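Just start_37.tsv here, TSV, N, CA and C atoms:
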```
chain	number	residue	atom	x	y	z
A	1	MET	N	98.42	93.05	89.90
A	1	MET	CA	98.79	93.87	88.71
A	1	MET	C	97.55	94.30	87.90
A	2	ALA	N	97.67	95.41	87.16
A	2	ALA	CA	96.67	95.81	86.16
A	2	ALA	C	97.39	95.91	84.81
A	3	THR	N	96.62	95.87	83.72
A	3	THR	CA	97.17	96.06	82.38
A	3	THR	C	97.09	97.55	82.03
A	4	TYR	N	98.23	98.08	81.61
A	4	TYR	CA	98.38	99.42	81.11
A	4	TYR	C	98.61	99.39	79.60
A	5	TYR	N	97.91	100.27	78.90
A	5	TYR	CA	98.05	100.45	77.47
A	5	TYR	C	98.77	101.76	77.20
A	6	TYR	N	99.60	101.80	76.17
A	6	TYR	CA	100.36	102.98	75.90
A	6	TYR	C	100.38	103.30	74.39
A	7	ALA	N	100.49	104.60	74.12
A	7	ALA	CA	100.93	105.13	72.85
A	7	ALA	C	102.18	105.96	73.09
A	8	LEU	N	103.24	105.64	72.34
A	8	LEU	CA	104.56	106.21	72.54
A	8	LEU	C	104.98	106.97	71.32
A	9	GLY	N	105.38	108.23	71.51
A	9	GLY	CA	105.98	109.02	70.45
A	9	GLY	C	107.19	109.79	70.88
A	10	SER	N	107.69	110.59	69.95
A	10	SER	CA	108.83	111.41	70.23
A	10	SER	C	108.37	112.65	71.02
A	11	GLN	N	109.27	113.25	71.79
A	11	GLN	CA	108.94	114.50	72.47
A	11	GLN	C	108.72	115.62	71.45
A	12	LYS	N	109.49	115.57	70.37
A	12	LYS	CA	109.36	116.54	69.29
A	12	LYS	C	107.91	116.63	68.79
A	13	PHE	N	107.32	115.46	68.56
A	13	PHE	CA	105.96	115.35	68.05
A	13	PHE	C	104.92	115.67	69.15
A	14	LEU	N	104.98	114.96	70.27
A	14	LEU	CA	103.97	115.06	71.32
A	14	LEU	C	104.10	116.18	72.35
A	15	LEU	N	105.29	116.74	72.51
A	15	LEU	CA	105.46	117.88	73.40
A	15	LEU	C	105.43	119.22	72.65
A	16	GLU	N	105.99	119.26	71.44
A	16	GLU	CA	106.17	120.53	70.74
A	16	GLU	C	105.27	120.69	69.52
A	17	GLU	N	105.31	119.75	68.57
A	17	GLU	CA	104.50	119.91	67.34
A	17	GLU	C	103.01	119.86	67.63
A	18	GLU	N	102.61	118.86	68.41
A	18	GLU	CA	101.21	118.66	68.73
A	18	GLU	C	101.15	118.38	70.21
A	19	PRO	N	101.13	119.46	71.03
A	19	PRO	CA	101.30	119.33	72.49
A	19	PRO	C	100.07	118.64	73.04
A	20	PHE	N	100.13	117.32	73.12
A	20	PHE	CA	98.91	116.52	73.36
A	20	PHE	C	98.32	116.71	74.75
A	21	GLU	N	99.15	117.19	75.67
A	21	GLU	CA	98.72	117.57	77.01
A	21	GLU	C	97.53	118.56	76.99
A	22	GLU	N	97.34	119.26	75.86
A	22	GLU	CA	96.13	120.08	75.62
A	22	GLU	C	94.81	119.27	75.60
A	23	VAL	N	94.84	118.12	74.94
A	23	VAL	CA	93.66	117.26	74.78
A	23	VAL	C	93.43	116.51	76.07
A	24	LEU	N	94.53	116.12	76.70
A	24	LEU	CA	94.49	115.47	77.99
A	24	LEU	C	93.84	116.38	79.05
A	25	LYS	N	94.17	117.68	79.04
A	25	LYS	CA	93.62	118.63	80.01
A	25	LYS	C	92.12	118.70	79.90
A	26	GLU	N	91.61	118.83	78.69
A	26	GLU	CA	90.16	118.90	78.50
A	26	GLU	C	89.49	117.57	78.91
A	27	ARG	N	90.17	116.45	78.67
A	27	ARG	CA	89.65	115.13	79.10
A	27	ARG	C	89.63	115.04	80.62
A	28	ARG	N	90.67	115.56	81.26
A	28	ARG	CA	90.72	115.57	82.72
A	28	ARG	C	89.60	116.41	83.31
A	29	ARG	N	89.33	117.56	82.69
A	29	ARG	CA	88.30	118.43	83.20
A	29	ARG	C	86.92	117.79	83.06
A	30	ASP	N	86.68	117.12	81.94
A	30	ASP	CA	85.42	116.42	81.66
A	30	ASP	C	85.23	115.23	82.60
A	31	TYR	N	86.33	114.52	82.89
A	31	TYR	CA	86.29	113.44	83.88
A	31	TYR	C	85.85	114.00	85.23
A	32	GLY	N	86.42	115.13	85.62
A	32	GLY	CA	86.08	115.78	86.87
A	32	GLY	C	84.61	116.13	86.93
A	33	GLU	N	84.12	116.77	85.87
A	33	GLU	CA	82.73	117.13	85.76
A	33	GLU	C	81.82	115.92	86.02
A	34	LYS	N	82.19	114.76	85.49
A	34	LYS	CA	81.40	113.54	85.61
A	34	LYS	C	81.74	112.70	86.84
A	35	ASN	N	82.62	113.17	87.71
A	35	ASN	CA	83.06	112.38	88.87
A	35	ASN	C	83.64	111.02	88.44
A	36	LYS	N	84.49	111.05	87.42
A	36	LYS	CA	85.13	109.84	86.92
A	36	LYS	C	86.57	109.84	87.34
A	37	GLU	N	87.03	108.73	87.90
A	37	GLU	CA	88.45	108.59	88.24
A	37	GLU	C	89.35	108.67	86.99
A	38	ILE	N	90.33	109.56	87.06
A	38	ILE	CA	91.27	109.74	85.99
A	38	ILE	C	92.05	108.43	85.80
A	39	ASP	N	92.06	107.91	84.57
A	39	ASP	CA	92.71	106.63	84.30
A	39	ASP	C	93.63	106.72	83.08
A	40	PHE	N	94.18	107.90	82.84
A	40	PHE	CA	95.06	108.14	81.71
A	40	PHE	C	96.02	109.22	82.17
A	41	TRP	N	97.24	109.18	81.63
A	41	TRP	CA	98.37	109.98	82.05
A	41	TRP	C	99.31	110.15	80.88
A	42	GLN	N	99.99	111.29	80.86
A	42	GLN	CA	101.16	111.49	80.02
A	42	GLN	C	102.40	111.24	80.90
A	43	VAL	N	103.33	110.47	80.36
A	43	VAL	CA	104.59	110.17	81.04
A	43	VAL	C	105.75	110.47	80.11
A	44	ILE	N	106.60	111.43	80.50
A	44	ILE	CA	107.77	111.83	79.71
A	44	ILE	C	108.93	110.87	80.01
A	45	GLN	N	109.58	110.37	78.95
A	45	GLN	CA	110.70	109.46	79.05
A	45	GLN	C	110.38	108.30	79.98
A	46	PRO	N	109.30	107.58	79.65
A	46	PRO	CA	108.80	106.58	80.59
A	46	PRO	C	109.78	105.47	80.95
A	47	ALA	N	109.85	105.18	82.24
A	47	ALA	CA	110.69	104.09	82.74
A	47	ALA	C	110.22	102.71	82.27
A	48	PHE	N	108.93	102.59	81.99
A	48	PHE	CA	108.42	101.30	81.55
A	48	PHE	C	109.15	100.83	80.29
A	49	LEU	N	109.64	101.77	79.48
A	49	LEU	CA	110.27	101.43	78.20
A	49	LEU	C	111.54	100.59	78.35
A	50	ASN	N	112.15	100.63	79.53
A	50	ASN	CA	113.33	99.82	79.80
A	50	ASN	C	113.02	98.37	80.20
A	51	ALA	N	111.75	98.01	80.31
A	51	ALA	CA	111.36	96.65	80.71
A	51	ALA	C	111.68	95.67	79.59
A	52	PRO	N	112.18	94.47	79.94
A	52	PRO	CA	112.56	93.51	78.90
A	52	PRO	C	111.41	93.18	77.93
A	53	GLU	N	110.18	93.17	78.42
A	53	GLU	CA	108.99	92.80	77.62
A	53	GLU	C	108.70	93.87	76.57
A	54	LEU	N	109.35	95.03	76.71
A	54	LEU	CA	109.17	96.13	75.76
A	54	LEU	C	110.41	96.40	74.89
A	55	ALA	N	111.34	95.43	74.83
A	55	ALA	CA	112.60	95.60	74.11
A	55	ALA	C	112.41	95.95	72.63
A	56	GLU	N	111.42	95.34	71.98
A	56	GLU	CA	111.12	95.61	70.58
A	56	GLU	C	110.67	97.06	70.37
A	57	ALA	N	109.84	97.56	71.30
A	57	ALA	CA	109.36	98.94	71.24
A	57	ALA	C	110.53	99.89	71.48
A	58	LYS	N	111.37	99.58	72.46
A	58	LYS	CA	112.49	100.48	72.75
A	58	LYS	C	113.44	100.57	71.55
A	59	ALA	N	113.57	99.45	70.86
A	59	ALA	CA	114.46	99.34	69.69
A	59	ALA	C	114.01	100.23	68.54
A	60	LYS	N	112.71	100.52	68.47
A	60	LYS	CA	112.15	101.38	67.42
A	60	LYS	C	111.86	102.82	67.87
A	61	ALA	N	111.99	103.08	69.17
A	61	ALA	CA	111.50	104.32	69.75
A	61	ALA	C	112.46	105.47	69.55
A	62	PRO	N	111.91	106.70	69.47
A	62	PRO	CA	112.68	107.93	69.49
A	62	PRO	C	113.56	108.00	70.73
A	63	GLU	N	114.71	108.64	70.60
A	63	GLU	CA	115.64	108.69	71.71
A	63	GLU	C	115.00	109.47	72.87
A	64	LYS	N	114.33	110.56	72.54
A	64	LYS	CA	113.65	111.42	73.50
A	64	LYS	C	112.16	111.14	73.26
A	65	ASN	N	111.53	110.46	74.21
A	65	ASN	CA	110.17	109.92	74.01
A	65	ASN	C	109.19	110.30	75.11
A	66	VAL	N	107.92	110.01	74.85
A	66	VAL	CA	106.86	110.35	75.78
A	66	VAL	C	105.66	109.46	75.45
A	67	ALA	N	104.99	108.96	76.50
A	67	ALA	CA	103.83	108.07	76.34
A	67	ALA	C	102.54	108.66	76.89
A	68	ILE	N	101.44	108.34	76.20
A	68	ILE	CA	100.12	108.42	76.75
A	68	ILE	C	99.77	107.01	77.23
A	69	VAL	N	99.43	106.90	78.51
A	69	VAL	CA	99.19	105.64	79.20
A	69	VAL	C	97.79	105.63	79.73
A	70	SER	N	97.14	104.47	79.65
A	70	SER	CA	95.81	104.34	80.28
A	70	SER	C	95.52	102.92	80.64
A	71	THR	N	94.73	102.72	81.68
A	71	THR	CA	94.15	101.39	81.95
A	71	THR	C	92.90	101.10	81.09
A	72	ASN	N	92.49	102.09	80.30
A	72	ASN	CA	91.37	101.97	79.39
A	72	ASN	C	91.91	101.85	77.96
A	73	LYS	N	91.89	100.62	77.44
A	73	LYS	CA	92.40	100.34	76.10
A	73	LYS	C	91.73	101.24	75.04
A	74	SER	N	90.43	101.47	75.20
A	74	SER	CA	89.62	102.27	74.26
A	74	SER	C	90.27	103.60	73.97
A	75	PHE	N	90.73	104.23	75.03
A	75	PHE	CA	91.34	105.55	74.91
A	75	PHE	C	92.61	105.48	74.06
A	76	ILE	N	93.43	104.48	74.30
A	76	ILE	CA	94.69	104.35	73.55
A	76	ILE	C	94.42	103.99	72.08
A	77	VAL	N	93.35	103.22	71.83
A	77	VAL	CA	92.90	102.95	70.45
A	77	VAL	C	92.68	104.30	69.74
A	78	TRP	N	91.97	105.21	70.41
A	78	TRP	CA	91.64	106.49	69.82
A	78	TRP	C	92.87	107.39	69.70
A	79	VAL	N	93.76	107.35	70.70
A	79	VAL	CA	95.01	108.15	70.63
A	79	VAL	C	95.81	107.73	69.39
A	80	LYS	N	95.88	106.43	69.11
A	80	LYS	CA	96.60	105.96	67.93
A	80	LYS	C	95.95	106.48	66.64
A	81	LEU	N	94.63	106.37	66.54
A	81	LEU	CA	93.92	106.88	65.38
A	81	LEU	C	94.11	108.40	65.21
A	82	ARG	N	94.09	109.11	66.34
A	82	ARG	CA	94.25	110.55	66.38
A	82	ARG	C	95.67	111.03	65.95
A	83	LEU	N	96.71	110.40	66.49
A	83	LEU	CA	98.09	110.88	66.30
A	83	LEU	C	98.85	110.11	65.18
A	84	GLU	N	98.49	108.82	65.03
A	84	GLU	CA	99.04	107.85	64.05
A	84	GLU	C	100.52	107.52	64.17
A	85	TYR	N	101.39	108.53	64.21
A	85	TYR	CA	102.82	108.27	64.32
A	85	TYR	C	103.24	108.04	65.79
A	86	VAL	N	102.75	106.93	66.33
A	86	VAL	CA	102.99	106.47	67.69
A	86	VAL	C	103.09	104.96	67.66
A	87	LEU	N	103.91	104.42	68.55
A	87	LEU	CA	104.01	103.00	68.79
A	87	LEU	C	102.98	102.68	69.85
A	88	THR	N	102.40	101.49	69.83
A	88	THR	CA	101.41	101.15	70.85
A	88	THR	C	101.70	99.78	71.42
A	89	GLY	N	101.14	99.53	72.58
A	89	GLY	CA	101.33	98.26	73.23
A	89	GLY	C	100.75	98.27	74.60
A	90	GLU	N	101.17	97.30	75.40
A	90	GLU	CA	100.63	97.11	76.73
A	90	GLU	C	101.63	96.43	77.64
A	91	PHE	N	101.42	96.57	78.93
A	91	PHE	CA	102.23	95.90	79.92
A	91	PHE	C	101.47	95.74	81.22
A	92	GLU	N	101.94	94.83	82.08
A	92	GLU	CA	101.31	94.63	83.38
A	92	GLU	C	102.20	95.32	84.41
A	93	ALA	N	101.57	95.93	85.42
A	93	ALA	CA	102.28	96.65	86.48
A	93	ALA	C	101.39	96.74	87.71
A	94	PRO	N	101.99	96.85	88.91
A	94	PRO	CA	103.43	96.87	89.12
A	94	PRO	C	104.08	95.50	89.01
A	95	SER	N	105.30	95.52	88.54
A	95	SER	CA	106.16	94.34	88.42
A	95	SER	C	107.59	94.73	88.83
A	96	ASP	N	108.48	93.75	88.85
A	96	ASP	CA	109.88	94.04	89.12
A	96	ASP	C	110.42	95.03	88.11
A	97	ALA	N	110.13	94.80	86.82
A	97	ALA	CA	110.67	95.65	85.76
A	97	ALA	C	109.98	96.99	85.69
A	98	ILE	N	108.68	97.01	86.01
A	98	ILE	CA	107.89	98.24	86.00
A	98	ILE	C	107.23	98.44	87.38
A	99	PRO	N	108.02	98.87	88.37
A	99	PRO	CA	107.46	99.10	89.73
A	99	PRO	C	106.48	100.26	89.79
A	100	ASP	N	106.63	101.20	88.87
A	100	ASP	CA	105.78	102.37	88.80
A	100	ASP	C	105.49	102.67	87.34
A	101	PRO	N	104.26	102.34	86.87
A	101	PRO	CA	103.95	102.51	85.46
A	101	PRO	C	104.03	103.95	84.99
A	102	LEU	N	103.89	104.91	85.91
A	102	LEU	CA	103.90	106.33	85.58
A	102	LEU	C	105.24	107.04	85.78
A	103	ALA	N	106.30	106.31	86.14
A	103	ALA	CA	107.59	106.95	86.42
A	103	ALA	C	108.31	107.39	85.15
A	104	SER	N	108.94	108.55	85.23
A	104	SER	CA	109.81	109.07	84.19
A	104	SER	C	111.27	108.73	84.54
A	105	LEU	N	112.09	108.56	83.50
A	105	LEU	CA	113.53	108.39	83.68
A	105	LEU	C	114.27	109.72	83.80
A	106	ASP	N	113.58	110.84	83.56
A	106	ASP	CA	114.18	112.16	83.76
A	106	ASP	C	114.11	112.61	85.22
```
Could you take the file, read its structure, and then write that structure out as structure tokens?
Amino acid sequence: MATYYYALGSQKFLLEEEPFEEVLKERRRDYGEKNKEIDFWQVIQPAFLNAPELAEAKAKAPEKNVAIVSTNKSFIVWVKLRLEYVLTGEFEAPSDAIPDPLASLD
């Protein structure tokens, strides 16, 4: 298993108001330029949220949600500072509850 860090918000906020996939795209391009393995992803309606270890987060989460996920904690620290209205946390994967850290429930 590896540890995944996440910032979770509503689709309203992260897909429409502040389409964060814009910032992710420029980060992906810069990673490419530097020959760096991409270690961050946007996941819409993430399946990880149904894991028992994340019950507290699911209990507070928007009905229609989306996560920025990374194996680099630093990045998620900055995503939280950048967006602020996001829940944050971490999980280990793959596991029984989270067989695919990047899977969507849609």
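Residues with any atom within 9 Å of the point (105.8, 112.7, 68.7), counting only C-alpha atoms, are residues 8, 9, 10, 11, 12, 13, 14, 15, 16, 17, 18, 19, 62, 65, 66, 83, 85 and 86 of chain A.
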### Summary
Separating atom C of residue A:56 from atom CA of residue A:6, to the nearest tenth of an Å, is a gap of 13.1 Å
### Message
Could you go through chain A and tell me which residues DSSP, when run on the backbone, assigns to strand (DSSP E or B), listing them as number ranges by chain?
### Response
A: 2-10, 40-44, 46, 65-70, 87-93, 104
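Our summary of the geometry notes that atom CA of residue A:106 is positioned 13.4 Å from atom CA of residue A:67.
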### All helix (DSSP H, G or I) residues (DSSP, backbone) inside chain A, as a VMD selection string
chain A and resid 11 to 17 21 to 33 47 to 50 52 to 60 73 to 83
Please, what is the axis-aligned box for every listed atom of stretch 78-83 of chain A with 6 Å on each side, as centre and edge lengths in Å to one decimal, as lines of an AutoDock Vina configuration file?
```
center_x = 95.2
center_y = 108.1
center_z = 67.9
size_x = 19.2
size_y = 17.8
size_z = 17.5
```
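Near residue A:92, within a cut-off of 5 Å and counting only N, CA and C atoms, sit the residues residues 2, 3, 4, 90 and 94 of chain A, with same-chain residues fewer than 2 positions away left out.
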### Message
List the spatial neighbours of residue A:70 as a PyMOL selection string - criterion: any atom at most 8 Å away, only N, CA and C atoms, same-chain residues fewer than 4 positions off excluded.
### Response
chain A and resi 3-7+38-42+74-76
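Distance-wise, atom CA of residue A:64 and atom N of residue A:47 end up 11.4 Å apart.
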### Message
With only C-alpha atoms as the counted atoms, please give the residues lying no more than 12 Å from residue A:1, apart from itself and same-chain residues fewer than 5 positions off, as a PyMOL selection string.
### Response
chain A and resi 71+91-96+98-101
Using all atoms listed in the file, which protein or nucleic acid residues come within 5 Å of residue A:46? Drop anything in the same chain fewer than 5 positions from it, and give the result as a compact mmCIF listing (two decimals) with N, CA and C atoms, in the frame of the given file.
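Result file follows (selection_24.txt):
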```txt
# COMPACT_ATOMS: atom_id res chain seq x y z
N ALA A 103 106.30 106.31 86.14
CA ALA A 103 107.59 106.95 86.42
C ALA A 103 108.31 107.39 85.15
N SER A 104 108.94 108.55 85.23
CA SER A 104 109.81 109.07 84.19
C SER A 104 111.27 108.73 84.54
N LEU A 105 112.09 108.56 83.50
CA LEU A 105 113.53 108.39 83.68
C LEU A 105 114.27 109.72 83.80
```
Should you be able to, write stretch 51-106 of chain A of this structure into a file that contains C-alpha atoms, as a PDB file, in the first residue's frame.
```pdb
ATOM      1  CA  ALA A  51     -14.428   3.535   2.959  1.00  0.00           C
ATOM      2  CA  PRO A  52     -15.247   3.020   6.654  1.00  0.00           C
ATOM      3  CA  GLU A  53     -12.035   4.894   7.692  1.00  0.00           C
ATOM      4  CA  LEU A  54     -13.466   7.974   5.946  1.00  0.00           C
ATOM      5  CA  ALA A  55     -16.966   7.879   7.542  1.00  0.00           C
ATOM      6  CA  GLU A  56     -16.443  11.205   9.366  1.00  0.00           C
ATOM      7  CA  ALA A  57     -15.438  12.919   6.100  1.00  0.00           C
ATOM      8  CA  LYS A  58     -18.375  11.421   4.206  1.00  0.00           C
ATOM      9  CA  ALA A  59     -20.696  12.642   6.976  1.00  0.00           C
ATOM     10  CA  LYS A  60     -19.587  16.247   6.348  1.00  0.00           C
ATOM     11  CA  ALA A  61     -19.109  16.062   2.583  1.00  0.00           C
ATOM     12  CA  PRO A  62     -21.158  17.663  -0.205  1.00  0.00           C
ATOM     13  CA  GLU A  63     -23.579  15.270  -1.842  1.00  0.00           C
ATOM     14  CA  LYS A  64     -21.926  15.862  -5.236  1.00  0.00           C
ATOM     15  CA  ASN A  65     -18.173  15.890  -4.520  1.00  0.00           C
ATOM     16  CA  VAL A  66     -14.729  15.797  -6.084  1.00  0.00           C
ATOM     17  CA  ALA A  67     -11.198  15.236  -4.703  1.00  0.00           C
ATOM     18  CA  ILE A  68      -7.699  16.334  -5.486  1.00  0.00           C
ATOM     19  CA  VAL A  69      -5.556  13.318  -4.577  1.00  0.00           C
ATOM     20  CA  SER A  70      -1.804  12.947  -4.329  1.00  0.00           C
ATOM     21  CA  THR A  71       0.879  10.702  -2.897  1.00  0.00           C
ATOM     22  CA  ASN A  72       2.722  13.981  -2.184  1.00  0.00           C
ATOM     23  CA  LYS A  73       1.344  15.449   1.056  1.00  0.00           C
ATOM     24  CA  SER A  74       3.025  18.819   0.257  1.00  0.00           C
ATOM     25  CA  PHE A  75       0.785  19.353  -2.715  1.00  0.00           C
ATOM     26  CA  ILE A  76      -2.403  18.710  -0.732  1.00  0.00           C
ATOM     27  CA  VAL A  77      -1.150  21.096   2.013  1.00  0.00           C
ATOM     28  CA  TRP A  78      -0.979  23.790  -0.690  1.00  0.00           C
ATOM     29  CA  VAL A  79      -4.344  22.825  -2.274  1.00  0.00           C
ATOM     30  CA  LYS A  80      -5.965  23.356   1.144  1.00  0.00           C
ATOM     31  CA  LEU A  81      -4.302  26.763   1.580  1.00  0.00           C
ATOM     32  CA  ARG A  82      -5.257  27.672  -2.000  1.00  0.00           C
ATOM     33  CA  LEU A  83      -8.956  26.605  -1.957  1.00  0.00           C
ATOM     34  CA  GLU A  84      -9.672  26.578   1.864  1.00  0.00           C
ATOM     35  CA  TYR A  85     -13.256  25.291   1.642  1.00  0.00           C
ATOM     36  CA  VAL A  86     -12.153  21.647   1.304  1.00  0.00           C
ATOM     37  CA  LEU A  87     -11.998  18.708   3.668  1.00  0.00           C
ATOM     38  CA  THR A  88      -8.607  17.010   3.892  1.00  0.00           C
ATOM     39  CA  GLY A  89      -7.245  13.708   4.997  1.00  0.00           C
ATOM     40  CA  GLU A  90      -5.444  10.565   3.989  1.00  0.00           C
ATOM     41  CA  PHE A  91      -5.874   6.879   3.364  1.00  0.00           C
ATOM     42  CA  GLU A  92      -3.856   3.783   2.467  1.00  0.00           C
ATOM     43  CA  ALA A  93      -4.488   1.982  -0.848  1.00  0.00           C
ATOM     44  CA  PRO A  94      -4.974  -0.403  -2.399  1.00  0.00           C
ATOM     45  CA  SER A  95      -7.095  -2.026   0.295  1.00  0.00           C
ATOM     46  CA  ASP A  96     -10.342  -3.985   0.431  1.00  0.00           C
ATOM     47  CA  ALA A  97     -12.307  -0.763   0.980  1.00  0.00           C
ATOM     48  CA  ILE A  98     -10.257   1.270  -1.508  1.00  0.00           C
ATOM     49  CA  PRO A  99      -9.146  -1.142  -4.303  1.00  0.00           C
ATOM     50  CA  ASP A 100      -8.589   1.783  -6.638  1.00  0.00           C
ATOM     51  CA  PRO A 101      -7.725   5.148  -5.053  1.00  0.00           C
ATOM     52  CA  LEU A 102      -8.577   6.967  -8.309  1.00  0.00           C
ATOM     53  CA  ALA A 103     -11.980   5.357  -9.025  1.00  0.00           C
ATOM     54  CA  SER A 104     -15.128   7.440  -9.406  1.00  0.00           C
ATOM     55  CA  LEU A 105     -18.579   6.259  -8.296  1.00  0.00           C
ATOM     56  CA  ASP A 106     -20.076   7.844 -11.438  1.00  0.00           C
TER      57      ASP A 106
END
```
